[PDB]
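What follows is a short report on a single structure.
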């Protein structure tokens, strides 16, 4: 075996022949500079014509994922050489090989200098031969880039169990701790070791992220068993956090009693989620080359069995078999082309089972399907057969979805029964709706589910008994936290509800589901529930951009950055809607002299621009002296929404009807006909519509006007300066209900697109500046001034 | 900048963005242009009960992205959770 | 054998005698069409048609070319045009043959190395196919639009692309017959802009006033592996000329016995004071073909030796000159 290894060592390893090193030890491979030439020779050898890997003017040349095996082979293969792993290398079999990109790492480029580390995870004596699982790690700029895994098999009969060891990374086990008995059982186990002895485990969800290292006495009995890893508790945000450690150690065992316990008493979390049915992608023909020399040159795999009849014949092979690692790269090239549409960057994982050997000049049918999802990556399965229809290569790949943006809908869209189909069918959705319903029932004495399902016209809350007084406190304790003259002051949202109130009643003309205080949480939940169901099927790309329209901003933030618990989200959005309801005098019955209209500048005249509408409205506002503003900029020269005084909406909606019937082209009778003096002609058309609307039914109805549609009787002037009163208190409330520790910068940075600053969220002085420029925020200003928070 | 401080600041930022959002206008024109032009989004998925933001995307595309999407051979897919469940969950019906 | 990294291009050899003997041993059409092998081999087809034409007329090559008022070629046909002009006896024919096919060979090898054709995203292929456009290639043909019309559409398409991915008008075959070269993906983005402006080909606007009808035009990709007459190939010009120096090939005006019409000017290549080899390369690699102005000579008959019989340059030229008393013969 030693003589054989000596020859193989001279072919594969450019180092002094020394078999006296520990399998346990890590193996360092020589630094490797990726170059244009090496990439070209490699891609030509494996037949990968992806454009990403070809020299093109003004675009840095990538290197195929596959190139990791060129960089890594010397380190990886050295792992099977030590004396303590004594194999006949002429009876060696490559079983499998995979690459997995580490998240956030960019793929290999032609510039890069890459080194490789390789450890040997497991060496076990199966009855049929000795299996060696190897794990490489390619690093560039002292950062991990991707993990290689390769599995080798020395066919034969092996007794040296003292040189056998196996490490396995267990699936994550989950447990809902319900009873004080459940917790007693856990404390029974020596291996259950909490950071804090007194930790309250009741009604918590623990996860157990566990590795188990084992050594062997013989085929059956383990000589030692180790099982360790963190114990985590789920928070309201769904974030898991370390609260302790599994620590099991044992000599002669027949089994691992930690995994046995977690299997029976817990559910195993699975990362891969199958589709309802596999989606076919393609069935493709490919050939093995007539000569294995080209691959051998670029790979460093001078294994004689691939090139020399006499060696192949000695090893009882059917011929000078094609390199396994060719088939790997060749089939992968197909997957890259057809499953990833030739965007190499999309394929972030590829695994490969060498089911049987293939000779040079074999024709390969390889079928590819979309089979499942995992963390927003399409799970692709494939199968490769030869002319005789024998399976030869199998494996799977993980492929990014095309670039995705999630947009979350605002008020106005809500409908009775919305989200309830999902509520029946989805565990994920049920948990969202229920967490929220329980929160509302226990703290405010109403069901958000009841309101969504039955949309009642009136709903009355009763303050009877010790449970009812606790609820009444929560209604009274709903305050405005303003800071006036240096000192803090308090203001009650619900003026009617005192120490002597037995009940409070919510009213609405047509149904409480369209009263904003209920509408907002209802809509938020519908969206968050839908999102969590999607996330549970692994359908959400890791690097998705997101934004929400008006209210949707809150749903979007919770859905993609879990910034707030379900309870916090609906609590905040409910308070928000209640703030909006107090700000509008409705002192006759359920109606105010405030509303909003949707305008289409296109319909007045094709020439009436955004500037035109912004100017026309700014003038009505200043001149008539009644507040009106553009609050939604939706679709350019097509959908804007203005809000304010119902009189000032009645001037605008008619003034536009006059400019339309006048049939005038803006650009012509702008600076050419009349320079600035146009303002004189504008005031003339404003004043003749202004005094027409300055005497009507005082809660005046708003009519349609060619361009302008009144929005389904919305009583509130959302996003107008009218609500600037409510910013200071609502801010103080947001600070109390969005805890700092729950803001993960990574999940917001360059993905969250706010409504204030239509610019991707960045924690940068430039951003804080832009915010201040549309805000005047005192807390923001003083942060800009001291941006020297770079110092500790 | 330390992680703890980056968070503390990101918090104050988020807080203020939402506080003022309440009573400032909604710049959905620029928002759309950020995710459509600057990010070249090929899948915009509306999470909502009705496809009203999807409707807006389709229009902003028809207006000022006719030649851009063509030239960059950039197939785009506008989906709403309520309308196109099958596309979003990758479950096409028994048609192959 | 002679040329340094030549075999790295000819991945399936160039054993053409074996291919003709045993059809079963011929590479796939993709290999055959890629310029390093198609450039020279098209040259061989033209040279062969010239021979059968001479031998059956009982002429030597020079005797035939004596009967010619002049000669020229479309794109890489220019090479076999100038090579024919020098031709004389059979004994001295294979020196002219050598000259031609060693130009065509280096044009192929260097222009491939400059812009080698990469994997086409299947989505793009499936779409172009279902819209009766071609299999995307680096050259795109457009019937029934003005040059200045086509140039608008490229300017628009080009406005969003960086330098490396821009497309340019390659050939001006006729009034309303153009070809555009660039990256196949960029030309797809052109075809997409184009699909919008065009009307269904069976729309029936027979009841719409002429003035208000919508444009009807063809635009299908051409069967070529490389983007001839475009900025993508410029790098090759310098290298190609150095290879012709090194393999003792040039064309001295003194030797070329008939006018050979420049592909961009219409001028005679003899009157040039530079290198002719260099201009012929430059006319194929970089400069457009103004076929109309190239073909500005007066003659009663024109012989298309060139590949493609009735799809060939012959019939195109006939359509340009119909009604002016010129007869084209597909040789």
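Chains as they are written, first to last, in this note's numbering: chain A, 56 to 847; chain B, 9 to 104; chain C, 39 to 369. Idealized CB from N, CA, C, for every residue including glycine.
Other residues of its chain near residue 554(A): CB distance less than 7 angstroms, five sequence neighbours each side excluded:
none
For residue 159(A) and residue 198(A), what's the separation of their Cα atoms in angstroms?
11 angstroms
Can you list, in chain order, the residues of its chain whose CB lies under 7 angstroms from that of residue 465(A), leaving out five sequence neighbours each side?
604, 605, 606 and 607
Evaluate residue 801(A) with the Cβ neighbour count: other Cβ atoms within 10 Å of its Cβ, from every protein chain shown; 16 or more gives buried, anything less gives exposed.
exposed
So within the region 646 to 726 of chain A, which uninterrupted alpha helix (DSSP H) runs reach at least 4 residues, ignoring any that extend past its ends?
656 to 659, 665 to 679, 701 to 717 and 721 to 724
Of the residues 181(C), 272(C), 87(C) and 331(C), which one's Cα is nearest the Cα of residue 316(C)?
272(C)
Could you tell me if residue 716(A) is buried or exposed, where buried requires 16 or more neighbouring beta carbons within 10 angstroms of its beta carbon?
exposed
Within-8 angstroms CB hit, residue 10(B) to chain A:
yes
Do we get a CB-CB distance below 8 angstroms when we pair residue 54(A) with the residues of chain B?
Because residue 54(A) is not part of the residues shown, which for chain A are 56 to 847, the question remains open.
CB contact flag (residue 48(C), residue 174(C), <8 angstroms)
Pairing residue 48(C) with residue 174(C) gives a Cβ-Cβ distance that is not under 8 angstroms.
Using a Cβ-Cβ cut-off of 6 angstroms (strictly less than) and excluding sequence neighbours within five positions of residue 301(C), which residues of its own chain qualify?
116, 321, 327 and 332
Taking 8 angstroms as the threshold (beta carbon to beta carbon), is residue 80(B) in contact with chain A?
no
Count the other C-beta atoms from every protein chain shown that fall within 10 angstroms of the C-beta of residue 342(C), then say buried if there are 16 or more, exposed otherwise.
buried
Taking contact to mean 3 or more Cβ pairs, one atom from each stretch, closer than 8 angstroms, check whether the region 135 to 154 of chain A and the region 209 to 228 of chain A are in contact.
yes
Sequence-distant residues of the same chain with beta carbon closer than 6 angstroms to residue 204(A), five excluded per side
153 and 190
If you compare alpha carbons, which of 90(C), 177(C), 85(C) and 248(C) is closest to residue 133(C)?
For residue 133(C), the nearest C-alpha among the options comes from 85(C).
Expressed to the nearest angstrom, what Euclidean distance is found between the alpha-carbon atoms of residue 168(A) and residue 121(A)?
One alpha carbon belongs to residue 168(A), the other to residue 121(A), and they sit about 16 angstroms apart.
In angstroms with no decimal places, state the Cα-to-Cα distance between residue 66(B) and residue 390(A).
Rounded to whole angstroms, the gap between the alpha carbons of residue 66(B) and residue 390(A) is 31 angstroms.
Does the beta carbon of residue 397(A) sit closer than 8 angstroms to a beta carbon anywhere in chain C?
It does; some Cβ of chain C falls within 8 angstroms.
Taking the straight line between their C-alpha atoms, what separation do you get for residue 400(A) and residue 690(A)?
33 angstroms
Cα-Cα separation, residue 366(A) to residue 132(A)
19 angstroms
Roughly how many angstroms separate the alpha carbons of residue 549(A) and residue 531(A), rounded to a whole number?
7 angstroms
Sufficient close CB pairs (3 or more, under 8 angstroms) joining the region 743 to 758 of chain A to the region 694 to 712 of chain A
yes
Would you say residue 87(A) and residue 98(A) are within 8 angstroms of each other, going by their C-beta atoms?
no
Listing by chain order, which chain A residues have their CB less than 9 angstroms from the CB of residue 72(B)?
691
Considering only residues of the region 243 to 283 of chain C, which uninterrupted beta strand (DSSP E) runs meet the minimum length of 3 residues and lie entirely inside it, listed in chain order?
257 to 259
As a quick exercise: from 47(B), 30(B), 17(B) and 22(B), pick the residue whose alpha carbon is nearest that of residue 599(A).
With distances taken between Cα atoms, residue 599(A) lies closest to 47(B).
Sequence-distant residues of the same chain with beta carbon closer than 7 angstroms to residue 57(C), five excluded per side
63 and 64
Please identify the residue among 44(B), 9(B), 90(B) and 16(B) whose C-alpha is closest to the C-alpha of residue 813(A).
44(B)
Considering only the beta carbon of each residue, do residue 798(A) and residue 19(B) sit closer than 8 angstroms?
Their beta carbons are under 8 angstroms apart, which means residue 798(A) touches residue 19(B) by this criterion.
By the 10 Å Cβ neighbour count, where 16 or more other Cβ atoms means buried, how is residue 218(C) classified, buried or exposed?
buried
Residues in the same chain with beta-carbon distance under 8 angstroms from residue 64(B), minus the five sequence neighbours each way, listed in chain order, please.
36 and 40
Helix, strand or coil: how does DSSP classify residue 368(A) here?
helix
Within 8 angstroms (strictly less), CB to CB, does residue 602(A) reach chain B?
yes
To the nearest angstrom, how far is it from the Cα of residue 543(A) to the Cα of residue 534(A)?
12 angstroms
Just to confirm before moving on: does the CB-CB distance between residue 346(A) and residue 415(A) stay below 8 angstroms?
Inclusion of residue 346(A) and residue 415(A) in the CB contact set at 8 angstroms is warranted, their separation being smaller than that value.
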